[PDB]
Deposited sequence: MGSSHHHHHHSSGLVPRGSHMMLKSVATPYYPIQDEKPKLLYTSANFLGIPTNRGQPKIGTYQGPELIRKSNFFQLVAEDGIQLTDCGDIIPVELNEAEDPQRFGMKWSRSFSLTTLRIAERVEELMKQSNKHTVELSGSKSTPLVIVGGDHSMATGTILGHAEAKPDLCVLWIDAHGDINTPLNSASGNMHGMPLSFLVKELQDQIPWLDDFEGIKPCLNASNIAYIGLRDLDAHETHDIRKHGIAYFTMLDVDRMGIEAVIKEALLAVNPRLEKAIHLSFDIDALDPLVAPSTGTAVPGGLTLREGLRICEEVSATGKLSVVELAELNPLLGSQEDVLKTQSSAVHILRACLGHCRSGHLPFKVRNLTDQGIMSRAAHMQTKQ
């Protein structure tokens, strides 16, 4: 009656992937909400596996390299994340989905690396306003949260500078294993690489012309045609329109409505193949108090959908009956 009867929860408070302080508070924004309560009420046993501690070096230990900011903090954090995620997914080897709350999106290199160690044939559904696939020398910002996929994609490795501390970050994805939904702010070099290597992608223009139902179907067709593969769902909260998720560092107008976001998560959940979902780029230090509440609320609804919550309702585990209590009903009285 439930596709997933248990799940794990993990916080990853990355904040060295981008300059705005506050993504480290993402996991707590969700712990402080009613998310856990709501999940239990649907009958799912959710275990809080705690937080990963990111490695945050000082400036002297972690100077710019190839224009990257905090690259050694990134490589060390990536390996720590991957080890923990691999551990969790293998103890789990009705499957047990891992729910990850960030943290800026640079965490994805580690979560996918570790996940792929447990499930080498996985596919990735990347829900984001951005491509997050800049190679280091094409990045205008040097911000790691804009590069996480590039280190993972085999076809891109002639464009990644070699670094000794990156050796353990082994590319584990083929371009054919990734699909994007929600794109609306690609850098020119990302567009070039995505098209050159045939990465499946559905931008907001595609969502407008095709409708979200067809986009979801086509994205799943592209990377998981017969639902044979485990799914890594990487959901950047900034994929959603700023009107519903204002508290995030790189907001872009004209995004997915909450309902469109829910449909993506509902369909992914219903495949029975949801293996990891991560939710990135929440920043409770951005915007007004009401902004933060709106963002928290959207995130909670999204994560609930991923775990199988149905907007059309759920049936009670036990159906209550008046007579059992020794109470007289209207119908009964009307007989007398």
query: Ranges of the deposited sequence (numbered from 1) for which no C-alpha atom is modelled; finding: 1-38, 132-140, 384-385
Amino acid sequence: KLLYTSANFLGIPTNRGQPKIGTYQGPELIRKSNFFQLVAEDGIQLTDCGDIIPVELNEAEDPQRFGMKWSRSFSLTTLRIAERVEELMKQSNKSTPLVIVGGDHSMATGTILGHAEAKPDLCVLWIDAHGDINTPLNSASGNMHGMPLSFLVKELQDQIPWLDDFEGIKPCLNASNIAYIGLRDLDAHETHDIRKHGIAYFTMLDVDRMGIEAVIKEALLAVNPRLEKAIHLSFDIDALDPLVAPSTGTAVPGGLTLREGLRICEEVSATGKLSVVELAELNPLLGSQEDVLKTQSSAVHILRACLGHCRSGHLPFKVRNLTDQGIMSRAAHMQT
From here on, numbers count along this sequence of modelled residues.
query	finding
Stretch exceeding the other in mean C-alpha B-factor - 220-228, 124-132	220-228
Of 70-78 and 231-239, the one with larger mean CA B-factor	70-78
Per the PDB entry, maximal CA B factor within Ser269, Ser275, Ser298, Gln64	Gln64
Chain-wide C-alpha B factor ranking for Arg304, given as lowest, middle or highest third	lowest
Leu315 - which third its CA temperature factor falls in, relative to the rest of the chain	highest
CA B-factor placement of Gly168, once the chain's modelled residues are sorted into thirds	highest
Assigned third (lowest, middle, highest) for the C-alpha B factor of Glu56	highest
CA B-factor placement of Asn15, once the chain's modelled residues are sorted into thirds	middle
